[PDB]
Amino acid sequence: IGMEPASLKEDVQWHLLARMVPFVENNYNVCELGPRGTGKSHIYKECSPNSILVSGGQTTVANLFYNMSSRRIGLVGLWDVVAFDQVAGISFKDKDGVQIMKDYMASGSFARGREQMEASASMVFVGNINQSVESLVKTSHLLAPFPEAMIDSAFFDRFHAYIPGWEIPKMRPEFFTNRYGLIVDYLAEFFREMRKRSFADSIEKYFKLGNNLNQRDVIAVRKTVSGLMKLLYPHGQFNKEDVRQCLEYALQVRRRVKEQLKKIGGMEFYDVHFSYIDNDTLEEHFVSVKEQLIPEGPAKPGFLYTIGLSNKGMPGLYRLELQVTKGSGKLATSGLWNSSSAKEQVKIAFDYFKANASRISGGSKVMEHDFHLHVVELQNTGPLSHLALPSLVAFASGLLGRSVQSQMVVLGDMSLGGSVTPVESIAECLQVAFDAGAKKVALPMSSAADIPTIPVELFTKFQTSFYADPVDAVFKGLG
Amino acid sequence: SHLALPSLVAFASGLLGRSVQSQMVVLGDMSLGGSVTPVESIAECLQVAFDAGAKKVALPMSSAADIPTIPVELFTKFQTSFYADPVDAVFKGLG
Amino acid sequence: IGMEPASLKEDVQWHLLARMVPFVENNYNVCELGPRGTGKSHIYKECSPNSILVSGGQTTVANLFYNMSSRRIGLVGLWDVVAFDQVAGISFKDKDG
């Protein structure tokens, strides 16, 4: 492609390979946003006779898809890569453009005029970023620079990959090699020939996808893995570690899109904890996003941290987030590791909250608001079962609209009748809370019997709070 | 006579212009070098704090060894803070 | 061009050569701003049959680059120098222009 690999890090090389992926996998939608000058448009414009760089993004549906009057297939029937440069300015005279593209990317075949025709063009969306990535993450979602008419969850859900164009360094003449390399025509013919094969099923030999991946996530990760496998191993002889590397990269890039979909679409896309399970040793690996435990100060109201022994008995810290909208008292749950025990714990907690609303809220009606509660694990320890009491705490914190105090982890569990339960392994719970950064702990009164079991240096760091009934637990945790 | 640490917290609050946390009673004392002393009559002092309306208490870390001597019902009434050195006592007091 | 070299400074002569430079390099972009009446637009209009002076600047994208309706290339495929006069008001109705 004309670059000097010696001056680029290995992750940068992998991003450059992900740039080549659209050529080698049929119908591979991908979007790449990055700072100017990172050489995004070079490959699609100069180094391939089977790609077209549609300048300005301003195309017409008859031009791109099907000219009914001339009965001629659009761009997608001619080019294997269609790259929309400077995506930020795209606006369609034909509002069908977004719908037709959604159908094409979701299915690969589109119906126009009198026929349903299939085309294998892979669509790439190249965009320029003006602001810092961290500001874009904190104040908005990463897909902000795309046009407003194109910011749809159903639209972005098709994207088989988002590329982190910021991690590739700004291009410099030092990055251009002077050594021998493959002929660009040879390379492009190689890509076009490799389009005919399939490597998406190589993962099933060694790995299995996690439970957080729905059907479209499976499709995206399979396609990206197949593209990378074709680029790196055309011969077909490869080991388990290579498949692991490719699968890690694919899950990471798809996970980025999944985070953006979460931020833009709310309840639908909380299942973002992408992970994969080895087939041999059955152990599970999690993949995060590089560009993105308990910070100081009061977090947003309805957001708390609880600690509890997992299914494996080890202490783990979970963060519970509640979103409150005007509704009919509906309860929505997510991130519960599809565990029925935690689901029922939260159900009993909300039942108590409805039954005891006036005592805590001072007049607020629970039935007039709908609540969505989500669970995010901070220490990959495992699923939590006991969640009634922290869920009630989050409910009251969100409903009253005042934040949970800084660095409190809420402990103990509650029953339907208002009784509290002692915390098992309180020493390890405090150890983890101090490790996680928690400074203040709220404990049930019945737990105080095990205060002597806590070593001195660990117990010194906590402004311990003791409550008698769940209402007192709520008031003490809230402040 | 045991007034060194409360005097230090007083100076810190007055100079920095920060109000101390409401309903917090500072216990223990310090030497000139900053060595913290254990709270004498910790249980009785806590009972007096409960009688006067204290909701928060600040204690030396070394005094934690006398926590098992504290009654359970008395101890559950406070948000108990354990500092390490007088400067940490200041930080606990001023929040 | 019709200019008297003896009545012009060497620097001004080199600027005049830079005026001809667009005619001699393929795909050569250049911008010149000057006071009214300095003879900027004379050469691009009168001194060559291989240049065009697109007056006003409000020329459409289909006229300039490509018109899909007729599938015939715009100006840039025909003339070796395209000079936009009065760059202050040049504007495109289409945003992609």
# chains A, B, ... in the order shown; residues from 1 in each chain; ligands from 1
>>> select_by_dssp(residues="region 22-78 of chain C", states="strand (DSSP E)", output="list in words")
residues 51, 52, 53, 54, 66, 67, 72 and 73 of chain C
>>> write_last_selection(atoms="N, CA, C and O atoms", output="PDB file, in the first residue's frame")
ATOM      1  N   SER C  51      -7.473  29.071 -22.693  1.00  0.00           N
ATOM      2  CA  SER C  51      -7.881  29.443 -21.350  1.00  0.00           C
ATOM      3  C   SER C  51      -9.276  30.043 -21.387  1.00  0.00           C
ATOM      4  O   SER C  51      -9.705  30.597 -22.401  1.00  0.00           O
ATOM      5  N   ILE C  52      -9.981  29.928 -20.269  1.00  0.00           N
ATOM      6  CA  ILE C  52     -11.322  30.471 -20.130  1.00  0.00           C
ATOM      7  C   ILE C  52     -11.391  31.268 -18.837  1.00  0.00           C
ATOM      8  O   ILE C  52     -10.749  30.914 -17.842  1.00  0.00           O
ATOM      9  N   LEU C  53     -12.138  32.365 -18.868  1.00  0.00           N
ATOM     10  CA  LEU C  53     -12.355  33.208 -17.702  1.00  0.00           C
ATOM     11  C   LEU C  53     -13.815  33.077 -17.297  1.00  0.00           C
ATOM     12  O   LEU C  53     -14.682  33.759 -17.849  1.00  0.00           O
ATOM     13  N   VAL C  54     -14.084  32.213 -16.328  1.00  0.00           N
ATOM     14  CA  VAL C  54     -15.447  31.968 -15.874  1.00  0.00           C
ATOM     15  C   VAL C  54     -15.867  33.169 -15.042  1.00  0.00           C
ATOM     16  O   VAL C  54     -15.530  33.270 -13.861  1.00  0.00           O
ATOM     17  N   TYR C  66     -19.083  17.784 -14.186  1.00  0.00           N
ATOM     18  CA  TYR C  66     -19.679  16.657 -14.891  1.00  0.00           C
ATOM     19  C   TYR C  66     -21.192  16.761 -14.803  1.00  0.00           C
ATOM     20  O   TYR C  66     -21.735  17.010 -13.723  1.00  0.00           O
ATOM     21  N   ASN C  67     -21.861  16.569 -15.935  1.00  0.00           N
ATOM     22  CA  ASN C  67     -23.318  16.564 -16.001  1.00  0.00           C
ATOM     23  C   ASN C  67     -23.779  15.147 -16.325  1.00  0.00           C
ATOM     24  O   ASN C  67     -23.651  14.696 -17.468  1.00  0.00           O
ATOM     25  N   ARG C  72     -21.568  14.147 -20.242  1.00  0.00           N
ATOM     26  CA  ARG C  72     -20.466  14.834 -20.897  1.00  0.00           C
ATOM     27  C   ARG C  72     -19.722  15.690 -19.880  1.00  0.00           C
ATOM     28  O   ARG C  72     -20.339  16.347 -19.035  1.00  0.00           O
ATOM     29  N   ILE C  73     -18.391  15.673 -19.971  1.00  0.00           N
ATOM     30  CA  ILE C  73     -17.546  16.310 -18.968  1.00  0.00           C
ATOM     31  C   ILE C  73     -17.734  17.821 -19.003  1.00  0.00           C
ATOM     32  O   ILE C  73     -18.079  18.402 -20.040  1.00  0.00           O
TER      33      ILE C  73
END
>>> interface_residues(of="chain C", to="chain A", cutoff="10 Å", atoms="only C-alpha atoms", output="PyMOL selection string")
chain C and resi 68+94-97
>>> residues_around(residues="region 338-352 of chain A", least_positions_apart="5", cutoff="10 Å", atoms="only C-alpha atoms", output="ChimeraX atom specification")
/A:211,329-333,357,366,371,373,383-393,395-396,413-418,470
>>> residues_around(residues="region 28-44 of chain C", least_positions_apart="4", cutoff="12 Å", atoms="only C-alpha atoms", output="number ranges by chain")
C: 1-3, 12, 15-24, 48-55, 79-88
>>> write_last_selection(atoms="C-alpha atoms", output="short mmCIF file (atom, residue, chain, number, x, y, z; two decimals), in the first residue's frame")
data_model
loop_
_atom_site.label_atom_id
_atom_site.label_comp_id
_atom_site.auth_asym_id
_atom_site.auth_seq_id
_atom_site.Cartn_x
_atom_site.Cartn_y
_atom_site.Cartn_z
CA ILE C 1 1.94 39.50 -23.93
CA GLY C 2 2.35 43.10 -25.00
CA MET C 3 4.30 44.23 -21.92
CA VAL C 12 7.49 42.23 -11.41
CA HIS C 15 5.53 37.74 -11.08
CA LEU C 16 4.41 38.01 -14.70
CA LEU C 17 6.12 34.69 -15.41
CA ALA C 18 4.28 33.21 -12.44
CA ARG C 19 1.16 34.43 -14.22
CA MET C 20 2.00 32.21 -17.21
CA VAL C 21 2.95 29.25 -14.98
CA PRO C 22 -0.63 27.83 -14.85
CA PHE C 23 -0.52 27.50 -18.63
CA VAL C 24 2.56 25.26 -18.52
CA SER C 48 -4.53 32.55 -25.18
CA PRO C 49 -7.14 30.42 -26.97
CA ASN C 50 -6.51 27.64 -24.42
CA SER C 51 -7.88 29.44 -21.35
CA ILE C 52 -11.32 30.47 -20.13
CA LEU C 53 -12.35 33.21 -17.70
CA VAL C 54 -15.45 31.97 -15.87
CA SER C 55 -16.98 35.33 -15.03
CA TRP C 79 -9.71 24.08 -21.17
CA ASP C 80 -6.14 24.08 -19.91
CA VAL C 81 -6.64 27.14 -17.70
CA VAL C 82 -9.86 27.98 -15.87
CA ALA C 83 -9.73 31.38 -14.18
CA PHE C 84 -12.40 32.48 -11.71
CA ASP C 85 -12.81 36.25 -11.84
CA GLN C 86 -14.14 38.17 -8.82
CA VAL C 87 -13.40 35.46 -6.28
CA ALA C 88 -15.21 37.47 -3.61
#
>>> residues_around(residues="residue 465 (chain A)", least_positions_apart="2", cutoff="8 Å", atoms="only C-alpha atoms", output="ChimeraX atom specification")
/A:440-443,463,467,476 /B:76,78-80
>>> interface_residues(of="chain A", to="chain B", cutoff="8 Å", atoms="only C-alpha atoms", output="ChimeraX atom specification")
/A:445,448-449,451-452,456-457,460-467
>>> atom_distance(atom1="CA of residue 139 (chain A)", atom2="CA of residue 153 (chain A)")
18.3 Å
>>> select_by_dssp(residues="chain C", states="helix (DSSP H, G or I)", output="PyMOL selection string")
chain C and resi 5-7+10-24+42-46+61-64+75-77+87-89
>>> atom_distance(atom1="CA of residue 73 (chain A)", atom2="CA of residue 230 (chain A)")
28.3 Å
>>> residues_around(residues="residue 305 (chain A)", least_positions_apart="6", cutoff="6 Å", atoms="only C-alpha atoms", output="ChimeraX atom specification")
/A:318-319,409
>>> atom_distance(atom1="CA of residue 435 (chain A)", atom2="CA of residue 403 (chain A)")
22.6 Å
>>> residues_around(residues="region 293-301 of chain A", least_positions_apart="4", cutoff="7 Å", atoms="only C-alpha atoms", output="count of residues only")
12
